[PDB]
Each structure stands twice: as structure tokens, then as C-alpha cells.
Amino acid sequence: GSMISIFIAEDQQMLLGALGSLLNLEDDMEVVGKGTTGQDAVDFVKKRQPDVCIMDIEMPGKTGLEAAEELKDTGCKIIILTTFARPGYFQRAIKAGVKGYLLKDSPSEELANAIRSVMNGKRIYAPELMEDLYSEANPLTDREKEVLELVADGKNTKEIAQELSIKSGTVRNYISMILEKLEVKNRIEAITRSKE
Amino acid sequence: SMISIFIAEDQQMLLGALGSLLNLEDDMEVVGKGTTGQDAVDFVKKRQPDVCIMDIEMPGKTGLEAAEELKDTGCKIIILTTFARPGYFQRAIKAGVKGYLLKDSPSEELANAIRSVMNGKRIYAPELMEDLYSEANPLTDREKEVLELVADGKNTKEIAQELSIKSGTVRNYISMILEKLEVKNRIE
Ligand code: BEF
Ligand code: BEF
Ligand SMILES: [Mg+2]
Ligand SMILES: [Mg+2]
Ligand code: NA
Ligand code: NA
């Protein structure tokens, strides 16, 4: 009734179960359902309409971000809880209108407080995302700077994989991180320099 | 009596939630928590708990390097990891760990593994061997809907209309379907 009804979507069964127990122990909270894929979240949320959905990003079948996009206007308050502090993930979560974006490297004893704040109409982001992403500095790592150096010289995916002694899919994965990091840094710059 | 447990896990969310889960058991007490292998080495050497739930991948010092330094203490080391790598498994058992568990197993079967290890048993996740023969369909429900139309004899324009999605999305779904089936076919 007055309790905050929660659904948890998490593919790692150990964390899913431990989060469910932790949250259920709260007097004002009830874990009404648990799932391991984004489809489990879409199905539950559409059928049962819980107040809150604690959502992992990387899950099989359908991600937490695709699930957040499908549930954009349901009235369910989506709190992303992920290992990944990637700009593309955070940007995609903001566009889906998530109420919260939390990192798995934050105290467990604070999660219930984030749920209460989101129920109070607040938008809760891990300060670390802000501390790392909201910057005009170079976001690229030393490894990413080595990949891009070769790309800028005019070398193809096969040539970069040979020069760095790594797999062809790894070069493509590194390029995806670079494009994402620079696309967010470029959008941040563009918006803040146009507001002047 | 009570089984005293130390948990070494770099992901603060799991560390805290595992601690709370284990502490609910009547015969168990989480006496300490750490985020690196050094925290495990220091706690275990100073306090000598019965059991150490040990993550592998942690900054500074891994759970495997920690297990190697603790090899001659009376602590029962249980590896709890995301990684089902043979290299990790062999390194652990050579270090004398009593258990090697996977994080993708029911939380409700951790307490039982701790009790078995305290009873002198070696607990290794059956999944380590079973997941090799986990010959399952990699295609999603969405991918199964795309392929159903392709097999009927419908073109890219016809599939995009029947599913109400973009033409490039149909091509993206196909390129994914080919990749997943090519790897499943090579594994076969
Ligand atoms: F796999 Be979840 F994005 F941490
Ligand atoms: F980082 Be632990 F090996 F899951
Ligand atoms: Mg996940
Ligand atoms: Mg780890
Ligand atoms: Na409750
Ligand atoms: Na207890």
C-alpha cells in the first residue's frame, strides 16, 4: 500500500538475490519481483506497475537501457545500478529519463536512501559520473591514445591489431570507447560554448 | 558455534549486500569486509577467521595472490568470482582454496557451500563443467521474429514493414544473427 514496491533486474544471480534480501528488510519497501533480463523488467513493469525498478545495464536478451526506453512513460521510476561508468551508457540513460544512475562501487547501505530520494522526486546520479564526465580534459586512456595514433596515421583495423599484438574485435571495441568518449566530450563542449 | 567470515570483494555494492545476506544466518557472522587482496592478507593474518570469501579480480593484489600468501594459515578460502577461467581455477587449487564458486549461481546456495567447506569438503561449481555443453539457442525473441520472416521469403523492405522498425535495424539484426549462428556453428 504505502510501501515502495520494487522490481530488480540483474543478470548476476548472487547480486540479484542479495539486493532483494537487503531491500526487503526495509520497513517502507517491498521487493515485489526479480528478473535477469531487460524483457523480465518490461513484462513485470507493464503488468504490475511497481513504483521503482532497480535496473542493471548489461543483461542477456535485452539490456537495462533498451528496457528503460520501452518503459519511458510508464510512471515507473527507473534507477540504473551498473558496474559501467561509460559516457554512452550515461548519455543513453538520461535520454530514457531514468530517475537514478548508480554505480556498483558505492555503499550498499545507501541504495535504500537513493530509492527514497527518487520517490521524493529527486534525480540521483553517482557524483563520480559528474566528477569524471563533466570535463573539457582528454578522456582517452594511454591504451586508447595508442589505438587512435595508428588510426590517425591511416592504418586499417587489420594493421592496428598487428602493430599492437591484440585481437581484431578488441581494436573495434577500443574504437567504440573512443567514439563514445569523444562524442560526449564534443556534445558537452558544443552546448556549454553555445550558451555563452 | 559461529562460523566467522571475512569477505574480500572490490565491488562495494556486492560486498555490502553479501555481508548482510550471510549475517542473516544463525550460525554465521561476517567479522570483516575488504576491497583488495591486501585487506584479506592483513585481516586473515591478524584475526584468523574460519572462512574467507574471496573475489579474484581486485585492485592492488588479486584474490589468487592473497590465497597464495595465506597458503599456510588455517583459514578456509572460498573463491567467489565472475570468472570461470581454467587458469584461475588451477591457480586457486594449487594455492589450496577449499571452494571455487561463481557469482552467477543462486545466492541461497552460498551459506550451504560455507557449511560444507567448514565440514572439510572441496566445493567447486558444477557449472564450470556443465556450461561447456550448455548447447543453447543464442538468438533473442526479437532475432527469432526477424529470422521467421527471412525464412518465409520476405525481403528487407517487407520485414521492416511487418515489424514496424527501420531498414538499417533489420540489417543490424541480420548481421548479429549471422555472427551468433556462425560462432554456434563453428563450436558445433
Ligand atoms: F551488467 Be550491469 F550493467 F552492471
Ligand atoms: F572480480 Be571477482 F573475480 F568477480
Ligand atoms: Mg549485468
Ligand atoms: Mg572483482
Ligand atoms: Na519490507
Ligand atoms: Na548471524
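We name chains A, B, ... by the order of the sequence lines, and we start the count at 1 in each one. Both counts, for ligands and for their atoms, begin at 1 and track the order of listing.
Here the side chains of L150(A) and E146(A) are not in contact, with every heavy-atom distance at 4.5 Å or above. Side-chain contact between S107(B) and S21(A) is absent, with no heavy-atom pair separated by less than 4.5 Å.
Of all atoms in ligand 1, numbered sequentially from 1 with element shown, those under 4.0 Å from a heavy atom of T83(A) are 4 (F). Which parts of ligand 1 touch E58(A) is read off a 4.0 Å heavy-atom cut-off, strictly below it: atoms 1 (F), 2 (Be), 3 (F). Under a 4.0 Å criterion applied to the non-hydrogen atoms of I57(A), ligand 1 contributes the atoms 2 (Be), 3 (F).
Protein N/O/S atoms nearer than 2.8 Å to the Mg ion (ligand 3) total 3.
Shortest contact from atom 2 (Be) of ligand 1 to any protein heavy atom: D56(A) OD1, 1.5 Å.
Nearest approach of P49(B) to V44(B), heavy atoms of both residues: CD-CA, 3.8 Å.
Under 4.0 Å is where a charged nitrogen must lie from a carboxylate oxygen, and between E68(B) and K94(B) no such pair does. Between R92(A) and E180(A), none of the side-chain N atoms (NZ, or NE/NH1/NH2) sits under 4.0 Å from a carboxylate O, so this pair counts as no salt bridge.
Other residues sharing the hydrophobic cluster of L25(A), ordered by chain and number and joined by side-chain separations under 4.5 Å: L24(B).
Residue contacts with ligand 1, taken as heavy atom pairs separated by less than 4.0 Å, involve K104(A) solely via side-chain atoms from C-beta onward.
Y101(A) and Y89(A) have their aromatic ring centers separated by at least 6.0 angstrom.
Between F7(A) and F44(A), the two ring planes are parallel [angle under 30°; tilted spans 30° to 60°].
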